[PDB]
Amino acid sequence: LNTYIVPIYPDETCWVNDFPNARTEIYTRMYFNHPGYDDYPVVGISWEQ
Amino acid sequence: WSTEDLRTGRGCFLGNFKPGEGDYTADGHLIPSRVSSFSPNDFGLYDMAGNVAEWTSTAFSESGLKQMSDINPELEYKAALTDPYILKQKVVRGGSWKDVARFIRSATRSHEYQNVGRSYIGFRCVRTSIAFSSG
Amino acid sequence: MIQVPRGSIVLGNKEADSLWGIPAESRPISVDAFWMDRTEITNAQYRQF
Amino acid sequence: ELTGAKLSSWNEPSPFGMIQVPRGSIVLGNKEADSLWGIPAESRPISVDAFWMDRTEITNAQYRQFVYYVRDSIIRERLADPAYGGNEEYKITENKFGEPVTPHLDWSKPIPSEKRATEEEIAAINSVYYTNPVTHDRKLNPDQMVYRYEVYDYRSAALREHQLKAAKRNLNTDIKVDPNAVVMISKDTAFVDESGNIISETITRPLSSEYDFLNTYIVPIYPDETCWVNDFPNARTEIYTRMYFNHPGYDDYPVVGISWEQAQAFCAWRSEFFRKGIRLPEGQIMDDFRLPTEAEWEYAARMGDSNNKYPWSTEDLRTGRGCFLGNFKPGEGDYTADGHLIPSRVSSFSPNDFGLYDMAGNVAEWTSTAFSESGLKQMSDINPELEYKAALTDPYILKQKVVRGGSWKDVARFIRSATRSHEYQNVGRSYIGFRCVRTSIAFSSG
Amino acid sequence: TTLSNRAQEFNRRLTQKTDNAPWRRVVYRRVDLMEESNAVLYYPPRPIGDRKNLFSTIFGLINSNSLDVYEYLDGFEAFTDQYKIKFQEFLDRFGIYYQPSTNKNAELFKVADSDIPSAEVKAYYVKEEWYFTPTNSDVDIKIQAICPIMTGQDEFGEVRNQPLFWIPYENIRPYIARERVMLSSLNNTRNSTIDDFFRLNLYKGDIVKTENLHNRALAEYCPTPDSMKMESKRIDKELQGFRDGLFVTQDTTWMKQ
Amino acid sequence: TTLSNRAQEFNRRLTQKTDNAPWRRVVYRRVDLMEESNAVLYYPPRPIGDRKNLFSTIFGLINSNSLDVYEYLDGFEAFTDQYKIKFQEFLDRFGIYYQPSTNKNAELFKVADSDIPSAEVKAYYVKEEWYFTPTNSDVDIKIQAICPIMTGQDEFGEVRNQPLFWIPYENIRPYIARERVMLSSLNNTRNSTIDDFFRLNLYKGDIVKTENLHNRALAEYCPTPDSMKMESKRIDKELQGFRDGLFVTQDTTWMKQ
């Protein structure tokens, strides 16, 4: 038998960290919350989640 | 897709991927785009290459192809916490909007660790079926 | 969901790219039947979870 | 069975006097170096997102309105103080229902008139004005108008090293993390002391709680009108100093002398006046105004495609029948061949394709990057932006910001869309203005 | 003195990291200082005022024992504790007069005004790599090391070329980042710094060696100075042929159909 | 140190077992290191830093007495206790200076930095078998042994080729499975490990001997180096003619009828 415990909230702080010296801050706050991107792709999910 | 050319009949791109140096916007979209925007393939799958990459359940080894049997190949390794950080890489296949036109080839390998996510990887789910051979 | 039928495919490419240093590789396989998701997992479903 | 759920939708209003710039890509730099000048070649391609923009430069009327608002705020502050008599009616802390909350200032009581008020009120009103014994004129004291605005720093609070809990700093399992981690962080705060002097200091303290990312500034706002005489020596420019900012017949002429700081102060002030009026309840995080970056400016001027080396259709300076497109000097000491000597009225010359106006010439424009001769190679392609907030203890070399576009003082070589000029952040001059932009929210399919 | 806190933040952001890359090649070049383009390093043939060329600054740092360099053994190069170079062996071999100094720590060994060869150094070795950024997918260049070679007179009039010592790029990054020199022969404003002249790739030269699995230098398979120069042109076609082939911008095939 | 429990599970699953097979043949090959393809093992002609070629690692293990090898008697080969090779007889015959060491167990015998021939070894013997999997019915290859031969100078200028010692594959499997080397001359990332370079069958060579019932080597029936090379092409036609003939995928006969 196996049992795991993993946090599930998406890693939304990826946008700023991956790209240095670029203005990507616009997408972090909006990508997961704004209702007009509901049908856009997900991003930042690790293997475990 | 059907042919072996990246472009279409009249001046359009099939996939959401960067076709020119710093010309991310020649394909129509800069960030990952809305699903069902581009045409489908024969079967019925959509947005098969480009947009976001996809996770996979195998393990990474440069000799990966030779080590699995032919029927239903599947190499599985569940890592333990005490092992070094080298031995927990899982293959990601298909490319994404960050990739050049070489990586969108259907047979090309990329690896990403199991603990860190990024800005160009998604996922999709499958399911084993039960059907009858005669039908 | 949609349905994928049985068959066989050739894995790998036989002509190595002259510029890049990756050597060739090839192996054939066969796979069973299985359903699949039409689109990637959208934002709405992860939000519901 | 995993049908999915959504969230309430909210719209994106169209701000006044604004136009829209679509997505695309442009080639930065010129490939053929000028034989005479010693500047070598440079080239790099980029791409940029969508964003609104101001049609005309910031006129005089708007800056005057901002000055009046600041003066009214300080006047109402002065009214309710123990020295001049505290009026409980102009400042409210009791809720209409009756509870105690944080104080503020009320904006629904008209200011008393000059002579119709009481004596003490007149002595209070006269507190901000200035008098000159030799010439007998009244003017707004330059040093008594200050403005404090608080801004956060999101991008610096999301780096992998900046997280609080020590477990998330490094993801490798071969390199452990000791509990006693020390990360040095720095902020800016400004303290008003007992006697009435503004002192600004930078403090560096260990990373413990999240207040450290907060910033607050204090900057005088009155324009630096004494620039005209100082910039030009041995010339009769005294005619414009007194008139440029006051006379009503130049209201719609360009502004002049604004330093970098005051520019950020105006850009930050616009947000409060915008928001206090509109309501956006559900899921519409609004983005504040800011000075444009370098790449957005280039993309705006170069008309999108790489063939155009000037911000008009052809590659000739003159027009079809003997007229000049831009307000710039075309002949030695012939400043007047273009039609105008000083900065001219906006909307005088024809526009470019998009819709922007007076794109090159007239006054130059500020930019939010930093200066380095290797600037092009150091930024990534998508949305390039090099940002450095200077600290007070650093030498004077490291606080130069790029200014791009040229002005009426420039020769025909500088009005090329791709040419770099630098000016310090603390000094303004007689040929630099500014304009404001705004990040947009749109949908790719449309 | 010490940099400010926000100054140290800027440096770590700009440093180039090559931890992962799916294509990386190493090339050695020989930069010649007698051509106008590379003249930038040979502006003062001698020490005048504050103007100082590159070699003059290098000898300046090492007299203060604030810098490290390593000897050049033919073929292999590695920067370890063992190969560090002691000053006395270096000074004696090349022939410069020296005298014990007057301050114990200010100067190690008194050097003359013109005994140091500053006009005789004429060619520079630059070791660079081309790498493929994973997160951004664009090509870029990084510099690792720099070694100066000099020329001397000999009885048979054999123009000899002898290397002096290797240098790591990081150790030198901070000393050279503030001294100003011109950028052209027809414009003489000190706009740029030597640090920026390496970064923008403005030097020219002939490719001398490439990392081959047999580990051989070009000369060994090249007979004459005439035939040697022919090999470089084809190599530069391989690196440049890569950058064109990686991206597909426009072909005449799609338009016609 | 010790591997984890689930690590030891992975190893036993991947090992190839040849307990039953209805077709198995043994072939000996001579891999030449001066061709670009096989250059991979001869990248450092000498020891530099951590980079080490194959022969350098082999001599490294045996100095610690953590590895076993056997002498090469002409004709027959078998790995028993009797044929184990003592270090002293091996060292003296080939001519390398040696001195007693300073630590009793850390190093058996002090070796010089360049006395060990690492640039002179030029050809490798690889002993392989082709076998038919019963449960899956596909062909596959397995490696058993590896022996290095070297070249030396002689008075008559006779280029002599002398073997040194045999090696079992299993004993070496774990030492080499983590050291990284490049895979090409035009790309220099250390992606692959030497363990994987044998498994994927990327070396080339000339067939030297095959298991024949008369037990004879090829040379004995071959007159000249010219005539010897002709024999290899036909042998490679037999092995490759098998893999085509076993499966019947498509013939032109059925379509027409």
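Chains as they are written, first to last, in the deposited numbering: chain V, 224 to 272; chain Y, 322 to 456; chain C, 28 to 76; chain P, 11 to 456; chain W, 25 to 281; chain L, 25 to 281. Using N, Cα and C, we set each Cβ at its ideal position, and we do this for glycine too.
- Here DSSP, grouped into helix, strand and coil, assigns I208 (chain P) to strand.
- Per DSSP, the beta-bridge partners of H432 (chain P) are P:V412.
- Counted as a single uninterrupted DSSP element, the alpha helix (DSSP H) harbouring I82 (chain L) occupies residues 78-87.
- The secondary-structure analysis by DSSP pairs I249 (chain P) with nothing; it has no beta-bridge partner.
- Per the C-alpha coordinates, the member of L:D219, L:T175, L:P158 positioned closest to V183 (chain L) is L:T175.
- Around the beta-carbon of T141 (chain P), fewer than 16 other beta-carbon atoms lie within 10 Å, marking it exposed.
- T39 (chain L) is outside the set of residues whose beta carbon lies under 9 Å from a beta carbon in chain W.
- What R223 (chain W) touches in chain P, judged by beta-carbon distance under 7 Å, is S384, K387, going in chain order.
- Each of L:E60, L:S61, L:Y94 was checked against the Cα of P187 (chain L), and the nearest Cα belongs to L:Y94.
- For the region 120-149 of chain L, the beta-carbon criterion of a distance under 7 Å to any beta-carbon of chain W is satisfied by none of its residues.
- With a contact defined as Cβ atoms closer than 8 Å, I442 (chain P) and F338 (chain P) miss out at about 15 Å.
- Classified as buried, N62 (chain L) has 16 or more neighbouring CB atoms from the shown chains inside 10 Å of its CB.
- Within the region 228-253 of chain V, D241, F242, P243, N244 place their CB atoms closer than 8 Å to a CB of chain W, listed in sequence order.
- For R426 (chain P), there is no enclosing alpha helix (DSSP H), since its DSSP letter is neither H nor E.
- Taking the beta carbon of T217 (chain W) as reference, no residue of chain V falls within 7 Å; the closest one sits roughly 20 Å away.
- For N190 (chain P) and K178 (chain P), the gap between their C-alpha atoms comes out near 14 Å.
- Using a Cβ distance threshold of 9 Å, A374 (chain Y) and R414 (chain Y) count as a contacting pair.
- Under the DSSP definition of a beta bridge, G443 (chain Y) partners with Y:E375.
- Annotation: Cβ neighbours of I56 (chain P) in chain Y (cutoff 7 Å, chain order): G343.
- Counting C-beta atoms within 10 angstroms of its own C-beta, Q40 (chain W) has fewer than 16 neighbours from the protein chains shown and is therefore classed as exposed.
- When DSSP states are grouped into helix, strand and coil, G259 (chain V) belongs to the helix group.
- Not a single C-beta of chain P is nearer than 9 Å to the C-beta of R33 (chain C).
- The beta carbon of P152 (chain P) sits closer than 6 Å to those of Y232, all from its chain and outside the five residues before and after it, given in chain order.
- The criterion of a C-beta distance shorter than 9 Å is satisfied by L366 (chain P) and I29 (chain P).
- Taking 9 Å as the cut-off, the beta carbon of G95 (chain P) is found no closer than this to the beta carbon of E124 (chain P).
- When Cβ-Cβ separations below 9 Å define contact, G267 (chain V) makes no contact with chain P.
- Annotation: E99 (chain P) to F76 (chain P) spans about 25 Å, alpha carbon to alpha carbon.
- Within the region 156-189 of chain W, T159, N160 place their CB atoms closer than 8 Å to a CB of chain V, listed in sequence order.
- Taking a Cβ-Cβ cut-off of 8 Å, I425 (chain Y) has no neighbours in chain V, whose nearest Cβ is about 16 Å from it.
- Remark: C-beta atoms of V163 (chain W) and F79 (chain W) do not approach each other more closely than 9 Å.
- Residue ranges of uninterrupted alpha helix (DSSP H) with 4 or more members, entirely inside the region 85-118 of chain W and ordered along the chain, are 111-118.
- Counting only the Cα atoms, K411 (chain P) lies some 18 Å from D234 (chain P).
- At a Cβ-Cβ threshold of 9 Å, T66 (chain P) and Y263 (chain P) do not count as neighbours.
- Burial state of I218 (chain W) is buried, judged by a 10 Å Cβ sphere holding 16 or more other Cβ atoms.
- Judged by DSSP secondary structure, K146 (chain W) falls outside any alpha helix (DSSP H) and instead within the beta strand (DSSP E) spanning 145-156.
- Rounded to whole angstroms, the separation of the alpha carbons of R204 (chain W) and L27 (chain W) is 20 Å.
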